[PDB]
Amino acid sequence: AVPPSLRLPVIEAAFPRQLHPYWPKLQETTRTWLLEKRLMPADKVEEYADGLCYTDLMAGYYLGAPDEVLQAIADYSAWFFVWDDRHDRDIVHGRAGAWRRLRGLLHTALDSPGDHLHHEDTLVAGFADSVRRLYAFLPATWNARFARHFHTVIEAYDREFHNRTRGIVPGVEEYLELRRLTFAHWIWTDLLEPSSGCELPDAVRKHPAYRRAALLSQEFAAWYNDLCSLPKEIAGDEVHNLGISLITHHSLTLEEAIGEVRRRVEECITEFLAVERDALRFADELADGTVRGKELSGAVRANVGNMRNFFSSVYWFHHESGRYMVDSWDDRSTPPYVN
């Protein structure tokens, strides 16, 4: 039973969950990949890895993706989570020197993953491994776009580092622009393309309906995460959260911020439903009778479909993952899966 303050009746009724048939293998393989790359201690993987439901999230998102593509996505996503934890630990312990170097190593590895497959820092090598595999599905033009988007993500994380060390709480609009990058909105949007096995031309993917649908899907997830991860981010001295920016600047109380974030989350859903019609109508326009048009039509249709899936997958992920179960920790400021 989902708590009233986090419950979204629309998602439960209009957004039915889906699950990739490869998921059972996905869960085990990703777990093994975390062990082989040494991204987590062997006992924390045994204890927490499956309870984190990182593979569950992506398997309910990228439906119709080839197994190898889904695996690379899941491994990358798992790295993304342990990088968020390393980023958090570097801040609380004030390891600015360690962070700046890692930051630099990630930029370089992003451009040439092969050269960093066996780097001394396992976090860098784990990153290089998943990125190299992601670069093997689609032509170089896609890889370049991916790198370009993730270069921005790293800098956003660096910007987050400086804000938390100084104690600066971003403005509500300053946060919303930063949140699009720290949540990696366009990374997950790009990953839709190898999932449908097709790189979309700019004329297609920058179509207003496609753009808006992709955006709204990411905004919902990012903002619902802020709503659900709020208690664990309060206890961990995290300052990057929509609710926190409201309380700090707009002087809203703890309950006023929750309700305010809820309404923004609810708007995303109904706004998505409106543009989803336009996005799917555009998919029907692409099918002009040609083989090419048919391929582009199917890809967009599958992508928009996965944008929809994200809603249900994220929603149930925040109530099934042990990542946010702060109420069951001995030390609320230190998650047990984090080292």
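The first residue of the sequence shown is number 1, and the count goes up from there.
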**Message:** If you take the mean CA temperature factor per stretch, which one wins between 154-162 and 245-253?
**Reply:** 245-253
**Complete:** With B-factors read from the PDB entry, the higher C-alpha mean of 327-335 and 19-27 is in 327-335
**Item:** Highest recorded Cα temperature factor - choice among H149, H240, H207, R133
**Value:** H240
**Prompt:** Between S229, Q218, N143, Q71, where does the Cα B-factor run highest in the record?
**Reply:** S229
**Record-listed C-alpha B factor of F282: chain third** = middle
**Request:** Determine, from the deposited record, the chain-internal third of the Cα B-factor for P201: lowest, middle or highest.
**Result:** middle
**Complete:** So, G60's CA B-factor, relative to its chain, sits in which third? The lowest
**Complete:** Tertile call for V291 (CA temperature factor, within chain, third-based) is the middle
**Request:** Relative to the other modelled residues of the same chain, rank the CA B-factor of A98 and answer lowest, middle or highest third.
**Result:** middle
